[PDB]
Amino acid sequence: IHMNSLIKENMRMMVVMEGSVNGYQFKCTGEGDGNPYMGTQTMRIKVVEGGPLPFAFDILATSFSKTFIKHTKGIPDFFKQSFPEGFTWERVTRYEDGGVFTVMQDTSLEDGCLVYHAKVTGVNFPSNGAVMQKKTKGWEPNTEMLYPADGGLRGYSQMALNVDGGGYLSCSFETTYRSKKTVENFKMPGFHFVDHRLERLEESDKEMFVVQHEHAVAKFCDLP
């Protein structure tokens, strides 16, 4: 938790994301900073290929950083304990209107910097839906539910995306976090939750440049 740990008080991250949505190929790069133990981070993202994207950047937001989660109480940190080896996370998000977004991400530590590589694939997003019509306005906060499974840590999420008009477009996903470290080489946390608040700070050139910020805290249910 100090200046000598692999995960220091302040950490930087570099990201490369590539894939497609409804057959449209694209690529993004990002760089950010954060305080892992405070569960806070901010990232600057650029669309280097395929921009301006014909779909809402919002569907990519939750795919650009598990190391930055504040842990209190007695909840072992699955991600921080994984280094130097690191970890991966895989996920499938299903939107109520048919769209599906799947991701395979790799997280590594290279020369004190966190490196992310995400391969994403979005399919079946409705032609007239809020996503393909770019009528989204950011995500509401949410609470992820987690417990060990499949040799790793499983997460379940349900989120609501703000859409033009004041309504919401909902989606849910299941994630499997896998450590590159042996199961017997770290403490596995038990059932717990993680509150998340992912917020967009800036944007320009038809979302070809985006600045995101996220606050995340692992904990037990507020109710005693």
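Quick note: we count residues from 1 along the sequence shown, nothing fancier.
In this entry, no coordinate-free residues of the deposited sequence separate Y177 from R178. Of the two stretches examined, 137 to 145 and 71 to 79, the record assigns the greater average C-alpha temperature factor to 71 to 79.
The deposited model assigns a higher average Cα B-factor to 177 to 185 than to the other stretch when 177 to 185 and 191 to 199 are compared.
In this PDB entry, the Cα temperature factor of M43 sits in the middle third of its chain's modelled residues. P126 sits in the lowest third of its chain by CA B factor, as recorded in the PDB entry.
Among the modelled residues of its chain, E96 has a C-alpha B-factor that falls in the lowest third, as given in the PDB entry.
Residue-level temperature factors show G34 in the middle third of its chain, judged at the C-alpha atom. In the deposited entry, the Cα temperature factor of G167 sits in the middle third of values across the chain's modelled residues.
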